[PDB]
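Novice: Fold the following, please.
(one chain, ligands or ions: 3)
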Amino acid sequence: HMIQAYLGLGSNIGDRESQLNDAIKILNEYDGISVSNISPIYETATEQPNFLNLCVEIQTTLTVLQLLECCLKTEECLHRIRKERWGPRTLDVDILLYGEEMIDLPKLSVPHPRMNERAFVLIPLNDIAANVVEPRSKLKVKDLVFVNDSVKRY
Ligand SMILES: Nc1ncnc2c1ncn2[C@@H]1O[C@H](COP(=O)(O)CP(=O)(O)OP(=O)(O)O)[C@@H](O)[C@H]1O
Ligand SMILES: [Mg+2]
Ligand SMILES: [Mg+2]
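Specialist: Residues are numbered from 1 along each chain as shown. Ligands and ions are numbered 1, 2, ... in the order given. Find the structure here:
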């Protein structure tokens, strides 16, 4: 049946905003995934560009492992098609939450085990998932989010 999940997307190279918008486009077009909500974008502040990050709410009929493959194929797709002969990767797609489930595999940890210490994740996530419970801490997102001045709305 249909599960609600949250993804975190980040990019700090090229047309960063396009990367993010293209990742969302691709994800929305996999079978078993539809994008139901999108956070605003945030910028986070040595000489390489700042990250843009956002969070995405999806409704999916996929298993969390199938969802992981979709995320990685999306990273892979955008990367392969980059102009620049080599360089740092263009896009990170991380699974933040999958229902209220906890998953501990070598290849997969959900909830993302570092989300709670990252404002560039929590702040955008709080814009679309304030009342969702993070099952490890058993706190809601809105109870975890904190102010961080280095994270600005873009
Ligand atoms: N919640 C999650 N979302 C996505 N990948 C995860 C994950 N938990 C574990 N992984 C695994 O970690 C591997 C690492 O890929 P990367 O994207 O380069 C880690 P990262 O996002 O750069 O750092 P981070 O995990 O601290 O954000 C993936 O191939 C995947 O199998
Ligand atoms: Mg990451
Ligand atoms: Mg990752």
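
Novice: which residues touch the residue nearest to residue 60 when sequence neighbours are not counted?
Specialist: Closest residue to residue 60 in three dimensions, ignoring its sequence neighbours and counting by CB to CB, 6 or more residues apart in numbering: residue 33, at 4.9 Å. Yep, even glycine has a C-beta here, placed from its N, CA and C like the rest. The neighbourhood of residue 33, defined by CB atoms under 8 Å, 6 or more residues apart in numbering, consists of 27, 58, 59, 60, 62, 67, 70.

Novice: didn't the second one look like it was pressed against residue 29?
Specialist: Think residue 58. No: distance between residue 58 and residue 29: 11.9 Å, which falls outside the contact criterion (CB atoms under 8 Å).

Novice: Looking at those two, which has the bigger crowd around it?
Specialist: Summary of the neighbour comparison: residue 58 and residue 29, criterion other CB atoms under 10 Å, with residue 58 having more neighbours (24 against 10).

Novice: did I read that right, the more buried one in a strand?
Specialist: Yes: counting by DSSP: H, G, I helix; E, B strand; the rest coil, one finds residue 58 located in a strand.

Novice: Who does it form a beta bridge with?
Specialist: Residue 58 forms beta bridges with residue 5, residue 35, as assigned by DSSP bridges.

Novice: Pull out the buried residues from the contacts of residue 33.
Specialist: Restricting those to buried positions leaves 27, 58, 60, 62, 67, 70, with burial counted as 16 or more other CB atoms under 10 Å.

Novice: what two of those residues are the furthest from one another?
Specialist: Spanning the widest gap among the buried ones among the contacts of residue 33 are 27 and 62, at 11.0 Å by CB to CB.

Novice: Quick check: neighbours shared by the two?
Specialist: Any residue near both residue 27 and residue 62 by CB under 8 Å, 6+ apart counts here, and that gives 33, 70.

Novice: can you point me to the longest helix in the chain?
Specialist: The helix of greatest length in the chain, counted in residues with DSSP state H as the criterion, is given as helix 64-81.

Novice: can you map out the helices along the protein?
Specialist: In the chain, helices defined by DSSP H lie at 16-27, 64-81, 119-129, 141-144, listed in chain order.
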